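What you see below is based on every heavy atom in this structure, not just the backbone, and it leaves out hydrogens, waters and symmetry mates. Chain letters run A, B, ... following the sequence lines, proteins first and then strands; every chain starts at 1.
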Amino acid sequence: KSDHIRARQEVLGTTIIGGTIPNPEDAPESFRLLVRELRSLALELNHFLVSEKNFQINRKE
Amino acid sequence: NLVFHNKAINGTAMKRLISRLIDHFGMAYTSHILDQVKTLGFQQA
Amino acid sequence: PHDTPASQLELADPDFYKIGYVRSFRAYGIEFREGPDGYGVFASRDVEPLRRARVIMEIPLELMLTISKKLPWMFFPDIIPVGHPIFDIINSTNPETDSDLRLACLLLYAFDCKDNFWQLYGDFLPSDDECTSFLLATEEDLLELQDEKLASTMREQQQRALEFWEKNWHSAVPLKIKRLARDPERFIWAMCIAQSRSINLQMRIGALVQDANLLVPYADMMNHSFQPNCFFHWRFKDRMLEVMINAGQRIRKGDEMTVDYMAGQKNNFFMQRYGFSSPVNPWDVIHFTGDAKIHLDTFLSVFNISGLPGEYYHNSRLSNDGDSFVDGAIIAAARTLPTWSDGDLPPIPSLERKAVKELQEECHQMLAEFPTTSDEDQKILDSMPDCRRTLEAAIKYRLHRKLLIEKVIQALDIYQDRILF
Amino acid sequence: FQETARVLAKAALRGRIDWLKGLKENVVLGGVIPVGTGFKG
Amino acid sequence: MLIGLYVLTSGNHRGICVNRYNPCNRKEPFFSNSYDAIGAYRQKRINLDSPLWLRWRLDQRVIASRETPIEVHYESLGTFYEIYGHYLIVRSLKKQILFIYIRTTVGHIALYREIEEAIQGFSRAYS
Amino acid sequence: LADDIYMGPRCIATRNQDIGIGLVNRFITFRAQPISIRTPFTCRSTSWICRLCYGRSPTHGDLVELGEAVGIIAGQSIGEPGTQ
Amino acid sequence: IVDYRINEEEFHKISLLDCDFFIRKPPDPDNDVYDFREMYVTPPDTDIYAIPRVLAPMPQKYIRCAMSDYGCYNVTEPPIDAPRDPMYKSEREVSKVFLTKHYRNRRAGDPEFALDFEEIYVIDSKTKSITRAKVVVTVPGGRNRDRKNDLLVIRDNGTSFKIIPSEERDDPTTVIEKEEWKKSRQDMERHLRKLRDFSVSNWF
Amino acid sequence: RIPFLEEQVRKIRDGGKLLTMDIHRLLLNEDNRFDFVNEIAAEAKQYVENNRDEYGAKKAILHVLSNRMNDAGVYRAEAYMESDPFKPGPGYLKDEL
């Protein structure tokens, strides 16, 4: 409903067609902005997910 | 299976009854009882 | 009219249900009927195969009588007052073996306590004449069984009950205690009712999960089967026991609703607790000390028994041609007969023939040792229709044991013919 | 929730890692909070 | 809503307020079912506060004080009438309660009826 | 309850049993003085609680379910009466 | 304490709130005959027997009697702890028992049945005592007055007994109304006494 | 049988109070409410994925719930949907004050 650009544009379509709406995985813009602002004061924030099954670490953008 | 009351009802007494009815009959029955008592109260007033 | 199992029987008084209905007992899709055997529960509607379970009866906690299995003794409907003399009698019982005695005492108290469902319901329970429990059996009946070991156990049990009555119902007892069991036959009726009608389940009342032994009204009218239509479930929130139809089973009108009392047990146990015996007890044992062994896998194949050893069932789709010979007893047979199964090497046909005869020999010996033949037994049973109920039971135990030995002979032979196509 | 600059600095220096185990944190990330329907069981 | 409930259950004048002179020198309606009573109120036969007597077939649920009977009147053939303030219990030699009558007002019966009917209605709907 | 309460050789209540108004009253009649209760201060962690320590829910009258936010409810409960 | 335990199958048992009273029973077809010669009283539902306080002369011969109970119903609202727990609880609470002599020891079936209200005996729960009542016959007709037109009125917590003629009885509303008027009058005066002008006022 | 309860029964069914009663029955079989909400949501998704065009005035969540009740023996209409027997004509709207 607020601030996820890709996701927002899809829901209007699912509804007109009659489909189901998936749960979003990417971050909202609000979060992306914070990272950019911090990277402006020379600090870095990263989000990683560690897979339970194989132990791999993946960096979400 | 309910008591017959021959004395007045004031606000304290209604809270005690709604509480007692929730425990014996459950929230669903109590909701219907509540809507019906409302109608009676508005009409008499 | 349509032929249904229920048709033969007659409807019970309206009052069986009413006494319960005023308290919150509800029955759905069910009736209740009476017959010579006693009350039984039947169906009144058709249910198609179903996705999840359906409730047939809901019985509230207050109607029931219950005691916990472990040592701090907690009685959930809580009829007994604090300081009453009955607790001392209940407390002085071995925690592990006697629960029957504790339950008996509680039932007797209930009959003396006002406004307790049991005062009303007990009128519907079996009388001394109509109960099959063997605690209430004479020397003669015990003799007719023809088994030394079952007979002995029963006598030890009869004595245990008398001893309790003497020890606790002595002369100096306060009258409250005395009134409950003035004569010793009353204690015995009570132990008989406890043993025959008790159910063990795990119950959660509030936040306490405990395991208990309980006497529950209206659910005792179900009968045993080893291929059961229904089961028992505790619904915690409304504090009720639910009897429920198993998922996926078609039930047609007029059918009998059944539950399974104990699982995995032989006919000797059913007689000690319930005075009932079954021609087909899938788990019964006939003992052969004879050396010979037939090969296992083939046995299963000829008679189409499929499954793991623990669970054997007849696949009926494989048996396109309508067969009937295979029943509980052939399954029982599989487990009992000594068998050899090695690797994958196929059995030699002549080699096995030796085994079949040697095994059958043992069966002939067994049948002979008994005083009478199977046909003779039916005659005694048919001769007197009205007789002490315990006596008909004893004769029927005999007929049943013999009949299973006979079935095995018939079956081992069929193996022979089919080994060689 | 109060001293934003001060906390952030101390942390950047120490390379702090936060396992996101609370409610407010997961809200910022726009992900399902681990309570109720979200708690998985 | 509370005002209305209070008014229904408030009651009636009891002694000096209802009679000018002592009743010594010298209420009436008796109804068999509650429905009739509610009906009379509509037809203006009685008022909300007028006292009435209602037959009760059930089991003494009336909340009242622990008060012994004001007068027991006992007759020779064997029937005894017991007058308590809010109720009359008629009993016989075999010690059986032939009748119970409750002294009340229309307002009290109206609240009971609504609570009872709602319970029964919800039950009949489920089915 | 965290321990059994006994009057003579009989048990009024057993461990792991919830207390309601009827039980409390029995304890008052029979004068059972020391009662031990599991409480939020008795739990073994500070990042979470267990159902038994918290106890019955104010909303639904049964033991709290796994997954409930006890903390947000506490803050709100102390605070809302504050306007008065 | 008697020191012997009686057979209670031979005794009438009358139960009152705080006591159980036992009186001997001579055998009879309708169970109406009483002997006041042997009596015992026991704490409720417990079996240590004891001798009653007898406060009056007691009959020395068999008497046919009828029994009635006096008391108050108690309705309580009990605490609710389970889903279908009871909302109300009602108890009879008997406090006194009145035993009245059948006339001429006659039997119910006879066309001539009446009760002799002159002889009434009371059993009291609080004091564990048995006594005889004092009746005031205000009914003209003398000792020979017909017993088919007699009514007994009991008032005052069982402490007043009177026999009056039947037609002169008061309807149920009048008894209630009379009582309310007395109480209400006394209460208004109590309120109005405090005012400084009471001495110079008139009830109207 | 109480004599005059007819209107109240018509209304309870018509109003949608039936649904409320049903939700309660069904939650009397469950320890965690949160899980039951998740189970029902999943069933509804399967139903809409398999036959998309049935739904729109018939709601999937309602269908899952009616199906549960009918399996257990209480007759409920499909998706708790009831017609207005007395509507004047096409393009007419009831004023449910």
May I ask you to decide if C:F16's main-chain N or O and C:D13's side chain share a donor-acceptor pair within less than 3.5 Å? no
Salt bridge or not between C:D377 and C:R398? Use side-chain N to carboxylate O under 4.0 Å. yes
Can you list the residues that meet the side chain to side chain donor-acceptor pair (under 3.5 Å) rule with C:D382, with sequence neighbours excluded? C:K379
Distance-only polar pair, side chains of C:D375 and C:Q378, donor-acceptor under 3.5 Å: no
Nearest heavy-atom contact between C:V280 and C:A329 is CG1-N, 3.6 Å
Do C:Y274 and C:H224 have ring centroids that are under 6.0 Å from one another? no
Judged by modelled atom types alone, do C:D141 and C:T390 share a side-chain donor-acceptor pair under 3.5 Å? yes
For salt bridge (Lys or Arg N to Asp or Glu O under 4.0 Å), just list the numbers for C:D100 and C:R160, CA-CA rounded to whole Å, side-chain angles, deciding distance to a tenth of an Å, and then say yes or no. CA-CA 11 Å; C:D100 24 55; C:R160 211 172 63 104; 3.0 Å; yes
Do C:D238 and C:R235 sit within salt-bridge range, that is, some charged N less than 4.0 Å from a carboxylate O? yes
Using a 3.5 Å distance criterion without hydrogens, assess whether the side chain of C:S198 forms a donor-acceptor pair with backbone atoms of C:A194. yes
Cation over ring, C:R33 on C:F42, under 6.0 Å and within 45°? no
dist C:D255:CG -> C:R250:CZ (nearest 0.5 Å) comes out at 12.0 Å
Flag the pair C:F288 / C:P338 as yes when at least one side-chain heavy-atom distance between them is below 4.5 Å, and no otherwise. yes
Atom pair NZ/CG of C:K167 and C:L162 - distance to nearest 0.5 Å: 13.0 Å
Closest contact, heavy atoms only, C:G35 versus C:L9: CA-CD2, 3.8 Å
Under the side chain to side chain donor-acceptor pair (under 3.5 Å) test, residues paired with C:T373 that sit two or more places apart: none
Please report the C-alpha distance between C:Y39 and C:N223 in whole Å, then the side-chain angles of each, then the deciding distance to 0.1 Å, and finally whether the side-chain contact (heavy atoms from CB on, under 4.5 Å) criterion is met. CA-CA 9 Å; C:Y39 296 93; C:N223 285 326; over 6 Å; no
Would you say CG of C:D417 has more than 12 non-hydrogen atoms from neighbouring residues, nucleotides or ligands within 6.0 angstrom? yes
Taken to the nearest 0.5 Å, the spacing of C:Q202 CD from C:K69 NZ works out to 10.0 Å
Under 3.5 Å, is there a donor-acceptor pair between the side chain of C:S7 and the main chain of C:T4? yes
Between the main-chain N or O of C:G310 and the side-chain N or O of C:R335, is there a donor-acceptor pair closer than 3.5 Å? yes
Measure from the ring center of C:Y415 to the ring center of C:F299 and say whether it is less than 6.0 Å. yes
Using a strict 4.0 Å threshold on nitrogen-to-oxygen distance, state whether C:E62 and C:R239 make a salt bridge. no
Whether C:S133 side chain and C:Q195 backbone form a donor-acceptor pair below 3.5 Å: no
Would you say that C:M203 contacts C:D211 through its side chain, given a criterion of any heavy-atom pair below 4.5 Å between the two side chains? no
Ring-ring centroid check C:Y218 C:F25, cutoff 6.0 Å: yes
Got a second to check how far C:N267's CG is from C:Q272's CD, nearest 0.5 Å? 13.0 Å
What is the minimum heavy-atom distance between C:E406 and C:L403, and which atoms define it? OE1-O, 3.0 Å
May I ask you to test the C:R51-H:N67 pair for a side-chain heavy-atom distance under 4.5 Å? no
So do C:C230 and C:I56 actually touch side chain to side chain, heavy atoms under 4.5 Å? yes
Nearest 0.5 Å please: distance from the NE2 atom of C:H400 over to the OG atom of C:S277. 6.0 Å
Heavy-atom pair of closest approach, residues C:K293 and C:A355: O-CB, 4.2 Å
Between C:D291 and C:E358, is a side-chain contact (heavy atoms from CB on, under 4.5 Å) present by the stated rule, with each step listed? CA-CA 9 Å; C:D291 292 345; C:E358 187 63 39; over 6 Å; no
So does C:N91 get a backbone contact from the side chain of C:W73, meaning a donor-acceptor N/O pair under 3.5 Å? no
Closest heavy-atom contact between C:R102 and C:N94? NH1-O, 3.1 Å
A quick test of your reading: do over 12 heavy atoms of other residues, nucleotides or ligands sit less than 6.0 Å from CD of C:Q227? no
C:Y312 and C:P282, any side-chain heavy atoms less than 4.5 Å apart: no
Report yes if some heavy atom in the side chain of C:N229 is under 4.5 Å from a heavy atom in the side chain of C:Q249; otherwise report no. yes
If we only count heavy atoms from C-beta on, is the C:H364 to C:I409 side-chain gap below 4.5 Å? yes
Criterion side-chain contact (heavy atoms from CB on, under 4.5 Å) against C:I188, the qualifying member of C:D128, C:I193, C:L135: C:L135
Do the side chain of C:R389 and the main chain of C:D129 share a donor and acceptor less than 3.5 angstrom apart? no
With side-chain contact (heavy atoms from CB on, under 4.5 Å) as the test, would you mind laying out the steps for C:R353 and C:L420 before giving the verdict? CA-CA 11 Å; C:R353 233 63 172 177; C:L420 333 144; 3.5 Å; yes
Do C:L108 and C:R186 make a side-chain contact, defined as non-hydrogen atoms from C-beta onward lying under 4.5 Å apart? yes
Assess whether a salt bridge exists between C:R155 and C:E148, defined as any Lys/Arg side-chain N lying under 4.0 Å from an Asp/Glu carboxylate O. no
Please walk me through it: do C:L103 and C:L215 pass side-chain contact (heavy atoms from CB on, under 4.5 Å)? CA-CA 8 Å; C:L103 255 78; C:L215 278 168; 3.9 Å; yes
Heavy-atom pair of closest approach, residues C:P60 and C:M240: CA-CG, 3.8 Å
Can any side-chain N or O of C:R54 pair as donor or acceptor with the backbone N or O of H:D71 at less than 3.5 Å? yes
With rounding to the nearest 0.5 angstrom, report the CZ to CD distance, C:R273 to C:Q157. 8.0 Å
Is a side-chain N or O of C:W118 found less than 3.5 angstrom from the main chain of C:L63, in a donor-acceptor match? yes
Main-chain N/O of C:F111 paired to C:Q119 side chain as donor or acceptor, under 3.5 Å: yes
Do C:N268 and C:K149 pair up side chain to side chain, a donor and an acceptor below 3.5 Å, judged on atom types alone? yes
Does C:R388, at its CZ atom, have more than 12 non-hydrogen atoms belonging to other residues, nucleotides or ligands within less than 6.0 Å? no
